[PDB]
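Participant: Next up is a structure, given as structure tokens.
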Amino acid sequence: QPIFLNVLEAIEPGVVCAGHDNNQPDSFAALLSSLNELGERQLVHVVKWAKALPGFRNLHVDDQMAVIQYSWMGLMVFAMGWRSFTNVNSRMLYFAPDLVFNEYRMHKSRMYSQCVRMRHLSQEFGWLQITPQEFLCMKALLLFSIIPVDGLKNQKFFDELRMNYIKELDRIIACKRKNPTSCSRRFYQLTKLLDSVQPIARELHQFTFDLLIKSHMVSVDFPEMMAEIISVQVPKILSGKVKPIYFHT
Amino acid sequence: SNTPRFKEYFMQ
Ligand SMILES: C[C@]12CCC(=O)C[C@@H]1CC[C@@H]1[C@@H]2CC[C@]2(C)[C@@H](O)CC[C@@H]12
């Protein structure tokens, strides 16, 4: 049935502005402070979106908060890549309507290499001809793609939920495909794409952590929730206590 | 909680 997709389309977050003053110079401090503010603003929408996902409330409340705190980077990068693909044909990084990165900003932000990887991800939506439905299901699955090595409060409930979202992705593929071999090829492609998000998120996790530690010395502002989650949960990822769930080796 | 701000917003 279209119920699952009806829900995902219904809860998809709308446009979010960074509040960036485009009249000011493209300095490291200004660009990163605006990216951080955008992060806080998007985090609010990720929370509301997540709480409205089918079966999400079945997870222990502490696990609900944990998975959002571990996966927000990947979720936001994936969504930004989609915005960039649909808006500027992946030509530039469309973080927000008021915060679009060109080559100069990529350099000034001091994360040019990471921006290059994000652009590559954005382009994949075009090369693979990802449909809005495939994008929506893949994004939902990203929320359930990173957990503690020791497990969650109620790991069994999480494993069941994750399995159901993989099932939904399989269904969206089999929707317009009679041949099973073509379905297998598509599923391989989509899982490969999903895996590719993790190394990018990891580089950004490292970058934002190092930035938070020296933020006072570089005049970069971090909103309250961002500073909280980056100092408490991000280090768990960087130290290996929390790891992404990869489909492929 | 180590993330009191996030938790407060989430719990609302
Ligand atoms: C998630 C955000 C903001 C939301 C988005 O569109 C993707 C983008 C990816 C880079 C992140 C940024 C939030 C702030 C961060 C984490 C900076 O501190 C360094 C990397 C930035």
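Each value in this text was obtained by applying a stated rule to the coordinates, not by laboratory testing. A quick note on method: Cβ atoms are made from the backbone with ideal geometry, for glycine too, and the neighbour counts reach across all protein chains shown.
Participant: When you scan segment A:9-39, how many residues do you find that are part of a helix (DSSP H, G or I), surrounded by 15 or more Cβ atoms within 10 Å (Cβ to Cβ) and not hydroxyl-bearing (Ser, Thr, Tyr)? Full working, then the answer.
Facilitator: Step one: list which residues in segment A:9-39 are part of a helix (DSSP H, G or I), which gives A:9-11, A:28-39.
Next cut, surrounded by 15 or more Cβ atoms within 10 Å (Cβ to Cβ) only: A:11, A:28-39.
If we keep only those that are not hydroxyl-bearing (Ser, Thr, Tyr) as well, we get A:11, A:28-32, A:35-39.
The qualifying residues number 11.
Participant: What's the number of the condition residue A:130 fails, among (1) in a helix (DSSP H, G or I); (2) away from the ligand (no atom under 16 Å from the Cβ); (3) in contact with a helix residue (DSSP H, G or I) (Cβ under 8 Å, 6 or more places away or on another chain)?
Facilitator: The number of the failed condition is (1).
Participant: Something else now. Which of the numbered conditions does residue A:6 fail, given that it passes all the others? Conditions: (1) surrounded by fewer than 20 Cβ atoms within 10 Å (Cβ to Cβ); (2) within 14 Å of chain B (Cβ to nearest Cβ); (3) within 18 Å of residue A:136 (Cα to Cα).
Facilitator: (2)
Participant: Given segment A:205-249, what helices (runs of 4 or more DSSP H) lie entirely inside it while holding 2 or more residues that are under 18 Å from residue A:143 (Cα atoms)? Spell out how you get there, then give the answer.
Facilitator: Details: elements: A:215-218, A:224-232, A:234-238.
By residue number, A:224-232, A:234-238.
Participant: Let me ask another. In this structure, does residue A:110 turn out to be without any contact (Cβ under 8 Å) to a residue 12 or more places away in the chain and either basic (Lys, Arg) or touching a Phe, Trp or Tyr at 6+ places or on another chain (Cβ under 6 Å) (or both)?
Facilitator: Values: without any contact (Cβ under 8 Å) to a residue 12 or more places away in the chain: no; either basic (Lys, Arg) or touching a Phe, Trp or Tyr at 6+ places or on another chain (Cβ under 6 Å) (or both): yes.
The answer is no for residue A:110.
Participant: If you check residue A:146 against the conditions, is it without any contact (Cβ under 8 Å) to a residue 40 or more places away in the chain and either within 14 Å of another protein chain (Cβ to nearest Cβ) or within 16 Å of the ligand (Cβ to nearest atom) (or both)?
Facilitator: Numbers: without any contact (Cβ under 8 Å) to a residue 40 or more places away in the chain: no; either within 14 Å of another protein chain (Cβ to nearest Cβ) or within 16 Å of the ligand (Cβ to nearest atom) (or both): yes.
No; evaluated as a whole, the condition is false for this residue.
Participant: Could you grab me the full set of residues in segment A:47-81 that are in contact (Cβ under 8 Å) with a residue 40 or more places away in the chain, in a helix (DSSP H, G or I), closer than 18 Å to residue A:242 by Cα and over 8 Å from the mean Cα position of the chain (by Cα)?
Facilitator: A:62, A:63, A:66, A:67, A:68, A:69, A:70
Participant: Given the conditions (1) within 16 Å of the ligand (Cβ to nearest atom); (2) surrounded by 15 or more Cβ atoms within 10 Å (Cβ to Cβ); (3) away from chain B (no Cβ under 14 Å); (4) not small (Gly, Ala, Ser), which single one is not true for residue A:120?
Facilitator: (2)
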